[PDB]
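Here is the structure we will look at, set down as structure tokens.
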Amino acid sequence: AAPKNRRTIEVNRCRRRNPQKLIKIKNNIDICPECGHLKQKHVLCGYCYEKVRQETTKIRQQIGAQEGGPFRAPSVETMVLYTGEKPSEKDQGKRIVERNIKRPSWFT
Amino acid sequence: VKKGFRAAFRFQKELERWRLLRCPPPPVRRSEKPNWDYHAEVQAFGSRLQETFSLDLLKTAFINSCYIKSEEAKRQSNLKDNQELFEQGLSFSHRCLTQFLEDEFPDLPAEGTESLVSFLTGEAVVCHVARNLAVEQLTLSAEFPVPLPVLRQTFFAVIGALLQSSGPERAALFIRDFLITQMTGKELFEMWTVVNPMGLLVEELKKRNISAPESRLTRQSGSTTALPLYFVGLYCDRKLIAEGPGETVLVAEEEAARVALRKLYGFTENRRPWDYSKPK
Amino acid sequence: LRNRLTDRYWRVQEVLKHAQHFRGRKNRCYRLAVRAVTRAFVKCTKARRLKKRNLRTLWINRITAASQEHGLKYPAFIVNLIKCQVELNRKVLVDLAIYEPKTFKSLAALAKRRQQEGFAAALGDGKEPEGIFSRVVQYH
Amino acid sequence: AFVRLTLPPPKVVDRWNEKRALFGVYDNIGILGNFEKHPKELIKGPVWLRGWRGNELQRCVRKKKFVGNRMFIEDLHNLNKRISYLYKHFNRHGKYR
Amino acid sequence: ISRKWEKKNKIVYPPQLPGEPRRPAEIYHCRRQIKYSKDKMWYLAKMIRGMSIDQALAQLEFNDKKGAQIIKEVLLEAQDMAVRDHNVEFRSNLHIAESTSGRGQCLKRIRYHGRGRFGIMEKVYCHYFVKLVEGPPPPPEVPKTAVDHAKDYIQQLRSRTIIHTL
RNA sequence: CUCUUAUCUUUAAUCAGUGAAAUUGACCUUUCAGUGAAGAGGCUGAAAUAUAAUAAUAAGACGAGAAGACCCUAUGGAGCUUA
RNA sequence: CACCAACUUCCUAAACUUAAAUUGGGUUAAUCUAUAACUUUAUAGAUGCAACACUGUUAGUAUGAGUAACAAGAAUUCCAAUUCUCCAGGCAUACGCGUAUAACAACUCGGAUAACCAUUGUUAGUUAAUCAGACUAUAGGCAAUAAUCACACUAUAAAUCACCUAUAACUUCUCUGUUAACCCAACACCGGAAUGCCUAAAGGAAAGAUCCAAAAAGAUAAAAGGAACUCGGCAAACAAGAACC
RNA sequence: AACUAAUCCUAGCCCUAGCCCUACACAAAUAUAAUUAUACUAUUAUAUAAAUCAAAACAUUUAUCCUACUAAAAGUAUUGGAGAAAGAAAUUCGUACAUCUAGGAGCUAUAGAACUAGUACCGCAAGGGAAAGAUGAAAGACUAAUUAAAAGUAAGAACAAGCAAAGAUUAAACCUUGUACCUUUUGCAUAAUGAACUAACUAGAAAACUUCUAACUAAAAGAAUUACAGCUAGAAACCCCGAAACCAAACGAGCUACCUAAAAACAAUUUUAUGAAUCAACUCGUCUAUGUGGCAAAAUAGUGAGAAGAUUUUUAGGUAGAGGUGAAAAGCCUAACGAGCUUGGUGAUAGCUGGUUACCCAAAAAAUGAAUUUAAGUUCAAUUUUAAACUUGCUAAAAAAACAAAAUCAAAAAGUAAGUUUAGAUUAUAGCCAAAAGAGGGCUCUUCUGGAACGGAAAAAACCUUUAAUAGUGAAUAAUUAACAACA
Ligand SMILES: [Mg+2]
Ligand SMILES: [Mg+2]
Ligand SMILES: [Mg+2]
Ligand SMILES: [Mg+2]
Ligand SMILES: [Mg+2]
Ligand SMILES: [Mg+2]
Ligand SMILES: [Mg+2]
Ligand SMILES: [Mg+2]
Ligand SMILES: [Mg+2]
Ligand SMILES: [Mg+2]
Ligand SMILES: [Mg+2]
Ligand SMILES: [Mg+2]
Ligand SMILES: [Mg+2]
Ligand SMILES: [Mg+2]
Ligand SMILES: [Mg+2]
Ligand SMILES: [Mg+2]
Ligand SMILES: [Mg+2]
Ligand SMILES: [Mg+2]
Ligand SMILES: [Mg+2]
Ligand SMILES: [Mg+2]
Ligand SMILES: [Mg+2]
Ligand SMILES: [Mg+2]
Ligand SMILES: [Mg+2]
Ligand SMILES: [Mg+2]
Ligand SMILES: [Mg+2]
Ligand SMILES: [Mg+2]
Ligand SMILES: [Mg+2]
Ligand SMILES: [Mg+2]
Ligand SMILES: [Mg+2]
Ligand SMILES: [Mg+2]
Ligand SMILES: [Mg+2]
Ligand SMILES: [Mg+2]
Ligand SMILES: [Mg+2]
Ligand SMILES: [Mg+2]
Ligand SMILES: [Mg+2]
Ligand SMILES: [Mg+2]
Ligand SMILES: [Mg+2]
Ligand SMILES: [Mg+2]
Ligand SMILES: [Mg+2]
Ligand SMILES: [Mg+2]
Ligand SMILES: [Mg+2]
Ligand SMILES: [Mg+2]
Ligand SMILES: [Mg+2]
Ligand SMILES: [Mg+2]
Ligand SMILES: [Mg+2]
Ligand SMILES: [Mg+2]
Ligand SMILES: [Mg+2]
Ligand SMILES: [Mg+2]
Ligand SMILES: [Mg+2]
Ligand SMILES: [Mg+2]
Ligand SMILES: [Mg+2]
Ligand SMILES: [Mg+2]
Ligand SMILES: [Mg+2]
Ligand SMILES: [Mg+2]
Ligand SMILES: [Mg+2]
Ligand SMILES: [Mg+2]
Ligand SMILES: [Mg+2]
Ligand SMILES: [Mg+2]
Ligand SMILES: [Mg+2]
Ligand SMILES: [Mg+2]
Ligand SMILES: [Mg+2]
Ligand SMILES: [Zn+2]
């Protein structure tokens, strides 16, 4: 079936400017207290989450170097230490990961 | 590229039209534009109105004080004002206009016959009349378009010059023709503002020793709806004097007062037409 | 291309200036605007004559309203005024009813009386004096 | 339609240059000169149409007679084809018989 | 091609007199050739009409359309030049007066079909325009009240005249 | 088939990116009876009737593309067979 | 016992009388030349001298429509990296093609989208007396008996220069092919494409994200009945069988 | 308040005049599969042009094509299905611009050459064959401006009701009136062709006769011609696009048909000793569904036939259109073969289809008779018409005939303005409905009358009212779907 007539610019304006087809405004945008960048209420902050993932990559890069190959997963717990820190008694017999930089303020 | 210059010439004219509509030009006084001779224009002004003027007097009327200041400032880098003629011309018009009104409407109050004269010598009427007689074109001043207070002054100065040349009787015809005509089709209270018309009516009836009127409802329609019509009639000694329509009883009652007043002062709609027949 | 028409711009604008108040592509496309403008001109010419007939119907409608307020039908009112040698036309009669209510009422009584005189003359037969308002002035 | 947005440069014509000033001179060479020369001999143009006039078919046939043997191959092929087309139009087609 | 939006930034008014309201500033900015359809860009340009700069930038940051990112960068440059070149005091004191999309110069290519047939393909482009005006956004629209509706109706009835008569 | 049902994949629908085709006199594009060229959204008479989108059905627009076929004509053609 | 109703007729001003092939006459838009004019004009002489319509020709832009259709296996410590889930024509030669090869840089155009490049620019590359191609001493003389593991064995279609006789010369390595994700089909086309080795040790990825409606396509399962379906057991089947014209 | 766009002037070209030419372009390479430094192995256009087409068919025939000085003799003598047509010579005339190395009432980027180029691109090949550019004195001044200006969009979606407008109105919409345009049909369309919109381009051409305006005049004309008022000069005219075909010469067998030479492939199992059997590779294509601008201009998914032979496959060569090849399907010969493709003859021809561009005034048809390989066309009569000369016409029409037991005929009058002769010219040669009278028996013919609203009969080509066409807020009228169940 083919169109029997051309549709006019007036009719076309009514189809594509209908309120059903317009972009809706958002009411759930807020500012992040820690960084001051914007976020949605039900979603994690992107800027703050970006910090954590960067550190996570560094730790995992170090973990890869120590193991030296695949199929080398330890059977004991893991822990991370930064320069100026030494293992406690409770830390005995647990894999230790060493980072050159100092302990990040946010990391506890 | 077609050969010929005639189509290119025509299109330049249309580009001129388009530019004018989008960017209208600032006003200019006719003296600047071509085809202007001051002496000839003044003479035609008098002959147009079928009145004879003395050239020296008429020219003085158009000159204004502000014009003198501008010329001297340019001069640094004689004339004579129209102040004398303005005062004389305005004074006679006020007296002449009052004389016309009192004879036509003797009963009408004194304050009334002052409002109408003030109405007919205001900027609105005088400026409107002045422009259509070319007075603005012949005026000499430092600002164009001419401000209304300046335009009004030069108008009465011209009447003053006419008074000196041809005397009172001629000028009285001049005021009748051009100023009295402006009240055609105008209702009284449109030119005179009266609040609380009933209060004024009560005092007027007292002077002739008539009893205060009694308000009553002569006719009624659609009272409970949002579009009601009311007729209220003022009854005196059980005798009807006036009847008025209105949306509400208070509005309709106030309307009856104005109808009554108009009859008392003889400024009704069906009153005798004014008389311009007299050639004297 | 020795000779080419150099004036087509102004020939187009003659049609399109008469189409600016239309709706649709009729107000800017020459092949469509030209057809619509000629249809408008034909309607304009035929409506000059129809206008005069329409206004007469309006006058007759308003006259019937004014007469019935005094109890008269339209045919009786118009016919009897003619028998009294009154030659006012329908256009002016409408003006009196709207703007001169008292004068219109006077004419209403005159037409009614002449009608009554005709009825009396019809029923009574033989030679009898003619009605006061039923006397016709003559010209020569 | 679209029109120029500027005026074209002006055209200036000299009406008293030599060619214009002396136009017509010697058009009466015969009557005022004892008829030694005919005015037609004053004409400049193609060899086959000096002092002669004709319709398009006549012009084509006359051109071939005068310079047909000194023409280029392709030009002569087109001239011959034009003659036959004009022959069939003027002798077989038209409103009037 | 026309480039007039750019030149609008170079108008110079004469100095204002002391007894006059302070004239607000105006900024015009655009980006010209963009690989995006103008029909699609319209919906984005329409949304931010009338809003302040901060509210506009907030809504743009969480839209998924490719056009949203491009509009945001144009908005940021307009804000920067407003303070740096047009003597605007406070960054936040700005609202979007005008925003719209326009057609650009496009390209034609071939689109293949299944019986040796083909079609004509267009690679489409668009422009984006904005005007920034200093000051808080103007107040929104208030629908007519019932009393306001009625007052119009009486006005209509009062305007009537007696038609086609003396 | 009586007499159909359930599940998964592809399609479909919503979001992001790129983006064709036949078609198109203008359209502010309703129902019933009548008129008519077996024929009316547009004509006559009645009736109904706030404005716009999204997803579905195929009665009508004598719906679109048919190199689709049957009948006739032209002092238009071509292949075949001859006595 | 009337009224209303057509430029029919009268009135003010005017006018001077009834579809169409074809036929007779008065003007005029545009441009050029002669002679004039000077914000675009006059009298004459001329012509490629006027387009709402030829399924007209060329270019541009709409409608259908932001519609039909198109695409990348997962996580990470990252795209010539690791591990996991699944699939099953690969490596060479011939013919053809002609820089699509590799690195860096770009992000315009190209890939029907991104990432990344197959795109743009700049610089580089394929090495042979053995693999492959081309490769001029002369004149005479002369042939019964296939192949197939060739023995046995038959058969029928009867079947791949050598060696001698004389003449002449009497120490040599130049030249050319060599890359690739590639060719014929308008396309990065579910098509076509010879031979040798081998069958996973080689080579690869069906899902952009989400949702679980109708209709449409494909697969599998089904109570009781078993051709009642239909032009016809077409299609499907836990059947894949027999006979006759 | 602007996007997409638009404005521009010179690159070159066209027709004549003039003139022969001596232009034949470092080194090296090339006729070998050209552009490869040396021996193999020899090298060479063509017998008369045809057909289309005109003759309204076609068969003898058909200007130019197929060249031999201008002007005249002359469209004459002659030739010809004696018809379409074709067509001389004898004999007269002429030194011509003659540096005119120059000229243009020729074109200016859709024009003028196809051309910025025989390039890009398409085809195996012969061959076909495009599109477009724009600042200023200076860019060693940052690339210039100018334009409410096309369609299309944006700024700014919509608001009961209707060919979208017109009369209007205080008021945009509401009320009233109104069956889109061109062509074709029977003067009729809600019939049927054609059109998405914008810009540019795109179709009537000739001088025998006639009429008008001048010169001279028994003569006119610048040699050859006409003349019993003529002769000389000027002005006045007759379209566009579109086939299936036919002929000449090239180019094609890398697809397909068949053949020649040199090569190659065929596992496992049962039989035997084979155009045997089961069934892969490989070759083919029975049946069904999907797909139908498809992945594909013939495919995909399943299911099927052959598979040691008349088997299949590779490389190179051969046969060419009046032909070749064919286990004959009138199959195949580079996607479209009852006869290939390309260029040319060629602006083939078309009694058939479509189109054919400003205004005003005036007049006007019937579409009956005759002939025609004629009925989809044409010629003659008849009609109409423009001009001119000069004199009776139209309606009516007594008797008295001729007829047999209302058509001719046209005295005298009256109402009235036409009619004949001369000269020139096309178009048209099918109608439709109503009302009468017949004839073949609802159609079909023949004969007399009327009609083609803007009003009326409901809408309403054909019935009824209506002498042209203009402005007005005047008036009198016409036609006008309605009419008023027993006894007596
Ligand atoms: Mg609507
Ligand atoms: Mg009337
Ligand atoms: Mg498109
Ligand atoms: Mg999408
Ligand atoms: Mg509607
Ligand atoms: Mg119906
Ligand atoms: Mg209807
Ligand atoms: Mg349907
Ligand atoms: Mg469907
Ligand atoms: Mg159809
Ligand atoms: Mg025939
Ligand atoms: Mg024939
Ligand atoms: Mg033939
Ligand atoms: Mg009339
Ligand atoms: Mg006509
Ligand atoms: Mg033309
Ligand atoms: Mg066209
Ligand atoms: Mg679109
Ligand atoms: Mg749709
Ligand atoms: Mg959909
Ligand atoms: Mg889809
Ligand atoms: Mg995938
Ligand atoms: Mg690479
Ligand atoms: Mg890279
Ligand atoms: Mg590359
Ligand atoms: Mg070797
Ligand atoms: Mg050899
Ligand atoms: Mg290799
Ligand atoms: Mg293909
Ligand atoms: Mg494809
Ligand atoms: Mg692998
Ligand atoms: Mg999925
Ligand atoms: Mg099953
Ligand atoms: Mg079951
Ligand atoms: Mg059965
Ligand atoms: Mg059954
Ligand atoms: Mg089966
Ligand atoms: Mg013939
Ligand atoms: Mg001779
Ligand atoms: Mg060109
Ligand atoms: Mg060209
Ligand atoms: Mg526009
Ligand atoms: Mg309406
Ligand atoms: Mg048909
Ligand atoms: Mg069409
Ligand atoms: Mg046009
Ligand atoms: Mg072969
Ligand atoms: Mg082959
Ligand atoms: Mg075997
Ligand atoms: Mg086969
Ligand atoms: Mg078998
Ligand atoms: Mg088998
Ligand atoms: Mg076998
Ligand atoms: Mg057979
Ligand atoms: Mg057969
Ligand atoms: Mg072929
Ligand atoms: Mg033709
Ligand atoms: Mg007849
Ligand atoms: Mg015959
Ligand atoms: Mg015919
Ligand atoms: Mg007689
Ligand atoms: Zn944060």
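Of all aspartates and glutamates in the structure, those lying under 20 Å Cα to Cα from D:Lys81, and not within fewer than 8 positions of it along the same chain, are D:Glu56.
The value for chain B of Rg(Cα) / (2.2 N^0.38 Å) is 1.46. Within the stretch A:64-78, name every residue whose backbone N is under 12 Å away from a label modeled 7 Å from Cα of A:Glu98 along the Cβ vector. Hits in the stretch A:64-78 for A:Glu98 at 12 Å: A:66. Evaluating 6.51 cos²θ - 1.76 cosθ + 1.60 at θ = phi - 60° for every residue in the stretch B:166-173, the Karplus couplings come out as 10, x, x, 4, 5, 5, 4, 5 Hz, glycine and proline recorded as x.
Grab the other residues whose beta carbon is less than 14 angstrom from that of B:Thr98, score K and R as +1, D and E as -1, and report the net. Please report the intermediate quantities before stating the final value.
Values: positive: B:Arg95, B:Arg176; negative: B:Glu102, B:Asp103, B:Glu104, B:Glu111, B:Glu114.
Charge balance in the 14 Å sphere: -3.
In this rough spin-label picture, where each label sits 7 Å from Cα along the Cβ direction, the A:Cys14-A:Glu85 distance is 6.9 nm. Legend: calculated FRET efficiency, E:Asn93 to B:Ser70, from the Cβ-Cβ distance at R0 = 51 Å, rounded to 0.05, equals 0.70.
Over all orientations, the protein assembly as shown has a Cα convex hull whose mean projected area works out to 94.9 square nanometres.
Taken along the Cα-to-beta-carbon direction at a fixed 7 Å, the label points for A:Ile23 and E:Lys144 span 3.3 nm. Measuring against 24 Å, Cα to Cα, the residue pairs E:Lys46/E:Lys131; D:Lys19/D:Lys40; E:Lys65/E:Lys131 contain no pair spanning a longer distance. Take each residue of peptide A:33-40, count the partner chain Cβ atoms within 10 Å of its Cβ, and average: the result is 1. Compared with the alpha-carbon gap, the fully stretched path from B:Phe9 to B:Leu49 is longer by 10.0 nm at 0.36 nm per residue. Counted by Cβ distance under 13 Å from B:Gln153, the other residues give a net charge of -4, where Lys and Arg count +1 and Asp and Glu count -1. Pairs of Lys residues in chain A that lie 8 or more places apart, or on two chains, and have C-alpha atoms under 20 angstrom apart add up to 12. Here the Karplus curve 6.51 cos²θ - 1.76 cosθ + 1.60, taken at θ = phi - 60°, turns the phi angles of the stretch B:221-234 into couplings of 7, x, 5, 7, 8, 8, 10, x, 10, 10, 10, 10, x, 7 Hz, with x standing for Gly and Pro. Once the Cβ-Cβ distance of D:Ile31 and E:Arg31 is raised to the sixth power relative to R0 = 60 Å, the FRET efficiency obtained is 0.10.
For chain C, what is the mean residue ellipticity at 222 nm derived from helices alone (per DSSP H run of n ≥ 4: -39500 (n - 2.57); sum divided by total residues; nearest 500 deg cm²/dmol)?
-22000 deg cm²/dmol
Can you tell which of C:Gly126, C:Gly71, C:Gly118 shows the greatest fluctuation in a Gaussian network model of chain C with Cα springs below 10 Å? The residue that fluctuates most here is C:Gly126. Across C:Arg62, C:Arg49, C:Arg31, mean-square fluctuation computed from a Gaussian network of chain C (C-alpha pairs under 10 Å connected) peaks at C:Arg31.
Its alpha carbons considered, the stretch E:84-154 gives a radius of gyration followed by a Dmax of 24.7, 71 Å. The share of C-alpha pairs in chain A whose separation exceeds 24 Å stands at 59 percent. Take the Cβ atoms of A:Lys41 and A:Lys4, set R0 to 51 Å, and the FRET efficiency comes out at 0.50. With a/c under 1.5 counting as rounded, go ahead and sort the stretch B:1-124 into rounded, prolate or oblate using the C-alpha gyration tensor (a ≥ b ≥ c being the square roots of the eigenvalues; past the cut-off, prolate if a/b is larger than b/c, else oblate). Taking the square roots of the gyration eigenvalues as a ≥ b ≥ c, the stretch B:1-124 is prolate. Considering only Cα-Cα distances, which of the following residue pairs are longer than 24 Å: D:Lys63/D:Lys88; B:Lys206/B:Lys239; B:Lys13/C:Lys26; B:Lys59/B:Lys278; D:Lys65/D:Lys95; E:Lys7/E:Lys108? Beyond 24 Å between Cα atoms: B:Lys13/C:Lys26; B:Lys59/B:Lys278; D:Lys65/D:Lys95; E:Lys7/E:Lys108. Under 5 Å between amide hydrogens, built in the peptide plane, is the criterion, and for E:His127 it picks out E:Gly102, E:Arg103, E:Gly104 among residues at least 5 positions away or on other chains.
Placing dummy labels 7 Å off each Cα toward the beta-carbon, the span from C:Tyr9 to D:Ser84 is 5.0 nm. A Gaussian network model of chain A, with springs between Cα atoms under 10 Å, assigns the largest mean-square fluctuation among A:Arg72, A:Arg60, A:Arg16 to A:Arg16.
Cβ atoms come from the backbone with ideal geometry, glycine included; neighbour counts cover every protein chain shown. Values in this text are rule-based calculations from the coordinates and carry no lab data.
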